[PDB]
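Structure first, commentary second.
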Amino acid sequence: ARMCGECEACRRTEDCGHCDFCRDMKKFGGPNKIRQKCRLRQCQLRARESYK
DNA sequence: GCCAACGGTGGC
DNA sequence: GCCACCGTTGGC
Ligand SMILES: [Zn+2]
Ligand SMILES: [Zn+2]
């Protein structure tokens with residue numbers, strides 16, 4: 001839907017730890033106010049372009 | 001019951 | 001129209 005499942009980003013298992021989206025995650029100390037996938041995991045086909 | 005992460009939105 | 005945010009919920 002937002003995932004082609006076939007691109008580099010869909011195949012990643014590891015959050016980068018460093019992008020705006022990662023720094024938001026509780027697992028990285030963030031306040032969980034934004035709540036999107038790591039930038040490197042945003043499907044290059046299907047994702048909002050501004051998430052890429 | 002928690003959580004990843006989506007879709008909708010209010011304010012700009 | 002954008003985007004920061006947050007309500008929602010499938011999957012666990
Ligand atoms: Zn990241
Ligand atoms: Zn993809």
Side-chain angles (χ1 to χ4, degrees), chain A residues 1-7 9-25 27-32 34-48 50-52:
Chain A
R2 290 297 190 181
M3 273 177 82
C4 76
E6 301 199 68
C7 71
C10 284
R11 285 191 299 261
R12 291 192 183 277
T13 66
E14 301 164 351
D15 298 324
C16 79
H18 287 87
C19 66
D20 58 338
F21 296 148
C22 279
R23 265 186 286 109
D24 183 61
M25 305 172 182
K27 67 190 266 182
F28 294 121
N32 186 47
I34 312 291
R35 301 175 189 189
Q36 313 292 335
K37 291 200 288 226
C38 172
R39 293 255 176 202
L40 295 190
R41 290 173 75 254
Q42 297 281 354
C43 182
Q44 288 152 21
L45 287 201
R46 316 203 163 179
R48 297 189 168 168
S50 70
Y51 286 3
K52 307 181 180 155

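Proteins come first, then strands; the chains are lettered A, B, ... in the order of their sequence lines, and each starts at number 1. Computed over heavy atoms, backbone and side chain alike; hydrogens, waters and symmetry mates excluded.
When distances are taken from the side chain of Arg2(A) to each of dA5(B), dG7(B), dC3(C), the shortest belongs to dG7(B). Nearest to the side chain of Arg35(A), among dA4(C), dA5(B), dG7(B), sits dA5(B).
Judged by distance alone, the side chain of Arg2(A) and the main-chain N or O of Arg46(A) form a donor-acceptor pair under 3.5 Å.
The interatomic distance linking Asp15(A) (CG) with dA5(B) (P) rounds to 7 Å, in whole Å. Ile34(A) places its CD1 atom 8 Å from the P atom of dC6(C), with the value rounded to the nearest Å. If you measure from atom CG of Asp24(A) to atom P of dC3(B), you get 15 Å, rounded to the nearest angstrom.
Screening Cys7(A), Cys4(A), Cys10(A) against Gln44(A) for a side-chain contact (heavy atoms from CB on, under 4.5 Å) leaves a single residue, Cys7(A). The residue from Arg23(A), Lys27(A), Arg39(A) that alone fulfils the salt bridge (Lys or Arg N to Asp or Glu O under 4.0 Å) condition with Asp15(A) is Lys27(A).
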So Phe21(A) and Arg41(A), side chain to side chain contact (heavy atoms under 4.5 Å, CB included) or not? Walk me through it.
CA-CA 10 Å; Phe21(A) 296 148; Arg41(A) 290 173 75 254; over 6 Å; no
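Taking every heavy atom of both residues into account, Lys37(A) and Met25(A) meet most closely at C-CE, 4.1 Å.
Classification of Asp24(A) and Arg35(A) as a salt-bridged pair fails, no side-chain N sitting under 4.0 Å from a carboxylate O.
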Below 3.5 Å is the cut-off: list the nitrogen or oxygen pairs between protein and nucleotides 8-12 of chain B, distance only.
{"from": "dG8(B)", "atom 1": "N7", "to": "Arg48(A)", "atom 2": "NH2", "distance (Å)": "3.3"}
{"from": "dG8(B)", "atom 1": "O6", "to": "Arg48(A)", "atom 2": "NH1", "distance (Å)": "3.1"}

